[PDB]
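Engineer: Take this structure, written in structure tokens, and hold onto it; I'll ask about it next.
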Protein chains: 2
Amino acid sequence: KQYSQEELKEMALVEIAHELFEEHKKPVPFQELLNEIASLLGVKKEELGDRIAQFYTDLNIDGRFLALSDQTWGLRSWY
Amino acid sequence: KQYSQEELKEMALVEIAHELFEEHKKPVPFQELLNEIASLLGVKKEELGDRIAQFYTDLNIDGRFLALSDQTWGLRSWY
Ligand code: NI
Ligand code: NI
């Protein structure tokens with residue numbers, strides 16, 4: 001889009017998420033948003049470690065976003 | 001508690017939910033919140049219907065409330 005990776009590195013994770021939602025047009029679970037945001041920032045999501053809580057808080061405080069109910073499922077064999 | 005049912009009848013659901021949380025101090029699933037609110041208003045869960053959606057949007061927009069990622073568990077028997 002309209003942001004270089006340098007600009008994105010300057011942004012609040014919530015504003016990157018807002019940009020992602022605006023192009024996805026669908027609900028996205030938190031771990032997938034972290035993966036997508038990590039990839040735009042040139043990192044792996046575990047490297048964000050420090051900014052996860054600010055991010056989560058902001059999603060909660062900003063009324064642009066809703067926490068939706070849906071269940072994530074996976075395979076037992078993966079863990 | 002400091003509210004009569006007559007006072008509760010003139011509050012937004014979200015304001016009742018805030019008092020319940022302050023009263024009980026633990027996380028609640030949304031349906032249980034509804035269950036407890038409907039009981040305090042002496043109505044049946046169904047009777048609210050139209051206000052539920054506005055209730056879930058207030059919870060999202062009001063910055064005092066966090067949507068928690070914790071998993072709700074229950075018994076298959078109950079359904
Ligand atoms: Ni929110
Ligand atoms: Ni909120």
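Coordinate-derived values only; no laboratory data. Note that each Cβ is placed from the backbone with ideal geometry, even for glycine, and that neighbours are counted across all protein chains shown.
Engineer: Which residues, counting only those in the range B:54-79, are more than 11 Å from chain A (Cβ to nearest Cβ) and more than 22 Å from B:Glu22 (Cβ to Cβ)?
Structural biologist: Narrowing the range B:54-79 to residues more than 11 Å from chain A (Cβ to nearest Cβ): B:54-55, B:70, B:73-79.
Within the range B:54-79, B:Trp73, B:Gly74, B:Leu75, B:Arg76, B:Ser77, B:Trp78, B:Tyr79 qualify.
Engineer: Pick from B:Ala38, B:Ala17: which is part of a helix (DSSP H, G or I), crowded, with 16+ Cβ neighbours inside 10 Å, within 16 Å of ligand 1 (Cβ to nearest atom) and within 9 Å of the chain's Cα centre (by Cα)? Full working, then the answer.
Structural biologist: Values: B:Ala38 fails: within 16 Å of ligand 1 (Cβ to nearest atom).
None of the other options fit; the residue is B:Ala17.
Engineer: Could you check how many residues of the range A:55-79 are of a type in the set (S, T, N, Q) and either over 27 Å from B:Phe30 (Cα atoms) or surrounded by 13 or more Cβ atoms within 10 Å (Cβ to Cβ) (or both)? Spell out how you get there, then give the answer.
Structural biologist: Let us first name the residues in the range A:55-79 that are of a type in the set (S, T, N, Q), namely A:57, A:60, A:69, A:71-72, A:77.
Next, only the ones that are either over 27 Å from B:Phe30 (Cα atoms) or surrounded by 13 or more Cβ atoms within 10 Å (Cβ to Cβ) (or both) stay: A:57, A:60, A:77.
Residues meeting the conditions: 3.
Engineer: Moving to a separate point now. Considering only the range B:31-41, I want to know if a residue exists there that is under 24 Å from A:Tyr56 (Cβ atoms) and of a type in the set (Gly, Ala, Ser). Write out each step before concluding.
Structural biologist: Filtering the range B:31-41 down to residues under 24 Å from A:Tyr56 (Cβ atoms) leaves B:31-33.
If we keep only those that are of a type in the set (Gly, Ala, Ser) as well, we get none.
The answer is no; no qualifying residue exists.
Engineer: On to the next question. Can you confirm whether the range A:4-16 contains a residue that is in contact with a helix residue (DSSP H, G or I) (Cβ under 8 Å, 6 or more places away or on another chain), without any contact (Cβ under 8 Å) to a residue 24 or more places away in the chain and of a type outside the set (S, T, N, Q)?
Structural biologist: For the range A:4-16, residues in contact with a helix residue (DSSP H, G or I) (Cβ under 8 Å, 6 or more places away or on another chain), without any contact (Cβ under 8 Å) to a residue 24 or more places away in the chain and of a type outside the set (S, T, N, Q): absent.
Engineer: Picking from B:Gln31, B:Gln5, B:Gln54, which residue would you name as being over 10 Å from the mean Cα position of the chain (by Cα) and closer than 30 Å to A:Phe55 by Cβ? Break it down stepwise before answering.
Structural biologist: Working: B:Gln31 fails: over 10 Å from the mean Cα position of the chain (by Cα); B:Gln5 fails: closer than 30 Å to A:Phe55 by Cβ.
So the residue among B:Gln31, B:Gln5, B:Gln54 that is over 10 Å from the mean Cα position of the chain (by Cα) and closer than 30 Å to A:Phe55 by Cβ is B:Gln54.
Engineer: Search the range B:43-66 for residues being more than 17 Å from A:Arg64 (Cβ to Cβ) and not in a helix (DSSP H, G or I), and hand back the single one that is farthest from ligand 2 (Cβ to nearest atom).
Structural biologist: Of the residues in the range B:43-66, the ones more than 17 Å from A:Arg64 (Cβ to Cβ) are B:43-55, B:64.
Pick out the ones that are also not in a helix (DSSP H, G or I) and you get B:43-44, B:64.
Details: B:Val43: 25, B:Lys44: 27, B:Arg64: 7 Å.
Once the filter is applied, the top-ranked residue is B:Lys44.
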